[PDB]
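Structure, as structure tokens:
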Amino acid sequence: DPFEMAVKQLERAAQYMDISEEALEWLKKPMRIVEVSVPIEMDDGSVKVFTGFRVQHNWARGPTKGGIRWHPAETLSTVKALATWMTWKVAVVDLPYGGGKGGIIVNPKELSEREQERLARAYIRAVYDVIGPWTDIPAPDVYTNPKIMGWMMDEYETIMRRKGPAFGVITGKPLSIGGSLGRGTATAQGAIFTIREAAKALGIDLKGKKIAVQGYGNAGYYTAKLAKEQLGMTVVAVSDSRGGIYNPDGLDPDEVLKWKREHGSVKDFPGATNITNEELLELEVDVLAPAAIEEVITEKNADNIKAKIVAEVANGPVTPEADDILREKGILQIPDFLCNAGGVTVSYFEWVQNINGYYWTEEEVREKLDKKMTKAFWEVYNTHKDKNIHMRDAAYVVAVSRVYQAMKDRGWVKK
Ligand SMILES: N[C@@H](CCC(=O)O)C(=O)O
Numbered sequence: 005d006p007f008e009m010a011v012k013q014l015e016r017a018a019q020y021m022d023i024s025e026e027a028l029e030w031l032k033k034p035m036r037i038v039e040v041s042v043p044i045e046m047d048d049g050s051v052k053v054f055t056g057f058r059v060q061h062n063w064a065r066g067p068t069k070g071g072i073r074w075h076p077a078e079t080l081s082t083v084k085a086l087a088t089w090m091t092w093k094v095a096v097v098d099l100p101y102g103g104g105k106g107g108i109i110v111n112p113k114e115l116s117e118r119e120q121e122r123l124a125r126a127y128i129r130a131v132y133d134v135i136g137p138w139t140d141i142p143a144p145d146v147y148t149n150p151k152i153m154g155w156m157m158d159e160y161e162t163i164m165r166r167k168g169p170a171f172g173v174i175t176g177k178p179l180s181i182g183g184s185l186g187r188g189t190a191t192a193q194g195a196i197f198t199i200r201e202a203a204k205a206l207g208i209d210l211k212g213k214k215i216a217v218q219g220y221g222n223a224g225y226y227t228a229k230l231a232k233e234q235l236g237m238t239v240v241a242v243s244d245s246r247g248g249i250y251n252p253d254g255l256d257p258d259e260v261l262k263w264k265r266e267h268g269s270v271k272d273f274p275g276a277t278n279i280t281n282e283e284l285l286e287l288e289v290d291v292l293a294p295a296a297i298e299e300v301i302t303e304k305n306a307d308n309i310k311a312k313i314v315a316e317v318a319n320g321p322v323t324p325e326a327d328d329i330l331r332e333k334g335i336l337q338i339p340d341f342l343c344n345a346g347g348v349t350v351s352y353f354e355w356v357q358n359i360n361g362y363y364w365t366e367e368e369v370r371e372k373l374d375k376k377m378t379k380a381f382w383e384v385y386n387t388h389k390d391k392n393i394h395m396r397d398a399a400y401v402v403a404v405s406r407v408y409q410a411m412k413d414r415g416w417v418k419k
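For what it's worth, PDB author numbering labels the leading residue of the sequence shown as 5, then goes sequentially.
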């Protein structure tokens, strides 16, 4: 189970910090769980009822935040674990947010556009009483995009009778309706800032160094592109779920994306040697950025990693055994919920823009993301040095300490 795995992670974290038993018990349970029925009328005229969730783990630091998943395998346990994870994610990067998560047990592939809009509007009508600009801010997630976010915001504004900032009730919206710039490259930009800070900490100059990326979706492609331009690095290996390519002199991510668009995959790229993911993970490269399916670095290949920095852009792509093995080699790891925290920071920026009624630009959003990511990385690294623990442990310590301090300040826990 995912919620048990999350709870265990929290206990393991609490082992390295001084936290009261009552606070741990409080943090082991979501503060509010809402399970609703989401009825929509289909194209054939029949009415089908779906199961929707909205978990608000903790709101000591402020309104909860988290996306909505439309997955046929959604469970309450998954939503609860992801909300718990979102709490620490927003706490490590110092946002005035709590942890939240929603989901609908639905296969969105079998739904038409009209049915998808009806599902979004019905979900908003079902969970209206627990969401709001200052209560709970949903966001795009697996199988949800900005189109669904716009439909959801419109339904919320219709119910809300335009009595306040209905734009800020949800993030990831289209630019025409409370849209925020930088929302396509948020995760990659945050990962690049964290990689730059890690290289600064290790004393490595990234100008001309090597990078390898696993997974060539939005995150992987934009990570490679931003690395090559901003950090001046030599992209030598990229890979999708199909296969990988290698070229020591350097690859051009734009051309690789064009090839992927044409032939359907990065396989057989001209001037490059076709390889598989497993050997791709073991090239002698300065930094490694797994941006693909989780649990790629395990005990089987942990000792074979030759990268000086491993940036876990993906969601937990490294197992704890591989974590210990990599730390034993001196390889610096950026924790998964610290590396890809650029997505929630830009969502916070979007919420601020919506609340204020004044939107920013591309340079403004990029400048702020730099500040937030640099400060979060330095906080985690300072905890890393002071407590002499793992990088992932330090991030948990920082997040749980912030949430615990907020809880103590409100008087929720007296000790
Ligand atoms: N991190 C989740 C949701 C958080 C947010 O964007 O507000 C996502 O990938 O969308």
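Beta carbons: idealized from backbone N, C-alpha and C, even for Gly.
Just the Cα atoms here: how many angstroms apart are residue i and residue j?
i: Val-240; j: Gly-224; result: 13 angstroms
i: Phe-381; j: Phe-353; result: 19 angstroms
i: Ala-124; j: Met-35; result: 24 angstroms
i: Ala-95; j: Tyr-127; result: 27 angstroms
i: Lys-333; j: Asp-327; result: 10 angstroms
i: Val-131; j: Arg-58; result: 7 angstroms
i: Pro-142; j: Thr-82; result: 16 angstroms
i: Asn-392; j: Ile-109; result: 42 angstroms
i: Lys-418; j: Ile-23; result: 12 angstroms
i: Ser-116; j: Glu-45; result: 12 angstroms
i: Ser-351; j: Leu-230; result: 20 angstroms
i: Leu-373; j: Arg-265; result: 30 angstroms
i: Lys-312; j: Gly-168; result: 49 angstroms
i: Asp-272; j: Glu-233; result: 24 angstroms
Quick one: measure Cβ to Cβ for residue i and residue j, integer angstroms, because I've assumed they're closer than 8 angstroms.
i: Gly-106; j: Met-90; result: Not confirmed; about 11 angstroms, so no contact.
i: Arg-65; j: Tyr-101; result: 6 angstroms
i: residue 2; j: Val-317; result: With the chain represented from 5 up to 419, any question about residue 2 goes unanswered, as that position is not in the structure.
i: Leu-31; j: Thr-349; result: Going by Cβ atoms, the distance from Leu-31 to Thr-349 rounds to 22 angstroms, so no, they are not a contact pair.
i: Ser-243; j: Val-270; result: 7 angstroms
i: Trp-74; j: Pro-43; result: Actually they are not in contact, since the Cβ atoms of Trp-74 and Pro-43 sit about 16 angstroms apart, beyond 8 angstroms.
i: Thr-227; j: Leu-342; result: Their Cβ separation, rounded to whole angstroms, is 15 angstroms, which puts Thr-227 and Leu-342 out of contact at 8 angstroms.
i: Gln-218; j: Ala-306; result: Contact flag wrong, Cβ pair sits at about 15 angstroms.
Less than 8 angstroms separating the beta-carbons of residue i and residue j?
i: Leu-86; j: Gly-70; result: yes
i: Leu-255; j: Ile-196; result: no
i: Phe-171; j: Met-156; result: no
i: residue 422; j: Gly-188; result: This structure cannot settle anything about residue 422, because the visible part of the chain is limited to 5 through 419.
i: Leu-292; j: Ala-399; result: no
i: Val-11; j: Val-134; result: no
i: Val-401; j: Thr-387; result: yes
i: residue 454; j: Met-377; result: Since the first residue of the chain shown is 5 and the last is 419, residue 454 is not available in this structure.
i: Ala-77; j: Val-404; result: no
i: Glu-325; j: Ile-309; result: no
i: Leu-336; j: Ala-202; result: yes
i: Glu-288; j: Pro-321; result: no
i: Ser-184; j: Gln-60; result: no
Which of the three DSSP states, helix, strand or coil, is assigned to residue i?
i: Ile-393; result: coil
i: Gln-218; result: strand
i: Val-384; result: helix
i: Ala-311; result: coil
i: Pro-6; result: helix
With DSSP as the reference, please indicate the residues paired to residue i in a beta bridge.
i: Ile-37; result: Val-59
i: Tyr-250; result: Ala-241 and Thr-277
i: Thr-68; result: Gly-102 and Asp-140
i: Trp-74; result: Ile-108
i: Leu-80; result: Its beta-bridge partners do not exist; DSSP assigns none.
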